[PDB]
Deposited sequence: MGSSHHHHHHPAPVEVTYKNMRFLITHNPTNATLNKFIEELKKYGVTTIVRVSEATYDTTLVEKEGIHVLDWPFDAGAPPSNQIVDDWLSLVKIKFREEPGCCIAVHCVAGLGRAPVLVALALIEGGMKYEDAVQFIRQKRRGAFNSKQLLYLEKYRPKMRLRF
């Protein structure tokens, strides 16, 4: 469980539980996460998660493949609204391995928050070493930001 914080944003990058749901739920609730963004095939049932009060959003894309335009647009709007309506909260992004798709979204949040892509890569790699493969680093390098988040 690795946590990334920048300005008004706080993220928890997680993976499929190593160990079962109860420990997982308790940990998320303790971190203040109000939303889980699952971008891959997930190994747990949402029904218990939602009963605990954490909405799950399922925006999957292929491992190593870049997220669709819609996914990026939807993610950036969620980041824009959620942290303002619930200041101090945490957003969880979940990946199969917690090394590619989930850090990629967090990198996009950091870039749209003012970081250049190399700053964001290092910012996440400081918390989760070995994140991002070559295909994914190139995507972050080529990404051209909308630059519409306000702080």
Report the unmodelled segments of the deposited sequence as residue ranges counted from 1.
1-12, 31
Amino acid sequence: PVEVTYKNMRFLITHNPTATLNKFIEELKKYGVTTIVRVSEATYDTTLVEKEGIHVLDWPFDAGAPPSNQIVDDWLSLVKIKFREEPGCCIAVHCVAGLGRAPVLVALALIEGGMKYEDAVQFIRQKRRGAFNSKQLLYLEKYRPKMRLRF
From here on, numbers count along this sequence of modelled residues.
So 48-56 or 108-116, which one's hotter by mean CA B-factor in the entry?
48-56
Per the PDB record, is the mean Cα temperature factor higher over 37-45 or over 95-103?
37-45
Among 132, 24, 139, 11, single out the one with the highest C-alpha B factor in the record, please.
24
Grab the CA temperature factor for residue 70 from the record and place it in the lowest, middle or highest third of its chain.
highest
Quick check for you: using the entry's CA B-factors within this chain, is residue 29 in the lowest, middle or highest third?
highest
Residue 87: which third of its chain by C-alpha temperature factor?
middle
